[PDB]
């Protein structure tokens, strides 16, 4: 499906379908289009830029693929900056964009491509939820309950986007997950990201524990030895 709407660049985020996020916008070149799209069926195209998070992005500075996202609110703030809450809807490819003065006009696509063998994908889904489950245990910044809340949800595409959204992926991976149309492939990629992380978090934990035991052993040695002094002193001062 061909769609002809405007593009808002995101400095360092990727907004996945069914992901809700506050964007903070303070440019003379954005808000005016964030309003003109507000009263135009409430739908925005969200494309992230790349290397040198340059405040004045050109036309080659955007990625090929983005997210169509609806606007949940707009809110002027004490410093003149609009907090705009959004929800991502579906991914779409750039045919060609256009810097029409300030904002960006663009065409035109839609995400819609699954895979064969739903037995493999059944397993692969189960493996993914189960890996995430063990992942939040090591992450712990993530609400232990949005795991189980969306443990139910059928949608594999949505499962993968929920996992992507809740992990501290680098941009490149963020976008490559957006760019992958095959839901199986992105589930296996994210399972590779989780595992990598998990390993890293196990290394760091072991290190932190060796380090704590050392601090505690050293501190106690110093205390015991300030004791020995203070006693030898009180003893000398006797006969």
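Positions refer to the first chain, counted from 1.
S.K.: When the C-alpha temperature factors are averaged for each of 153-161 and 107-115, which stretch ends up with the higher value in the entry?
M.R.: Taking the mean C-alpha B-factor of 153-161 and of 107-115, the larger value falls to 107-115.
S.K.: Using the B-factors recorded in the PDB entry, average over the C-alpha atoms of 117-125 and of 142-150, then report which stretch comes out higher.
M.R.: Per the PDB record, 142-150.
S.K.: Please work out which residue in 174, 206, 50, 29 has the highest C-alpha B-factor recorded for this crystal structure.
M.R.: Of the candidates given, the C-alpha B-factor peaks at 29.
S.K.: For the CA B factor values reported in this entry, which option in 184, 196, 70, 202 has the top one?
M.R.: Across 184, 196, 70, 202, the entry lists the biggest C-alpha B-factor for 70.
S.K.: Per the entry's values, where does residue 223 land by CA temperature factor relative to the rest of its chain, in the lowest, middle or highest third?
M.R.: Answer is middle: the recorded C-alpha B-factor places it there.
S.K.: Classify residue 131 as lowest, middle or highest third according to the C-alpha B-factor given in the PDB entry, relative to its own chain.
M.R.: Lowest third - that is where residue 131 ends up once the chain's C-alpha B-factors are sorted.
S.K.: Ranking every modelled residue in this chain by its Cα temperature factor as given in the entry, which third contains residue 229?
M.R.: Highest third.
S.K.: Determine, from the deposited record, the chain-internal third of the Cα B-factor for residue 77: lowest, middle or highest.
M.R.: Residue 77: CA B-factor falls in the lowest third of its chain.
S.K.: In terms of the CA temperature factor given in the entry, to which third of its chain does residue 179 belong: lowest, middle or highest?
M.R.: Residue 179: CA B-factor falls in the middle third of its chain.
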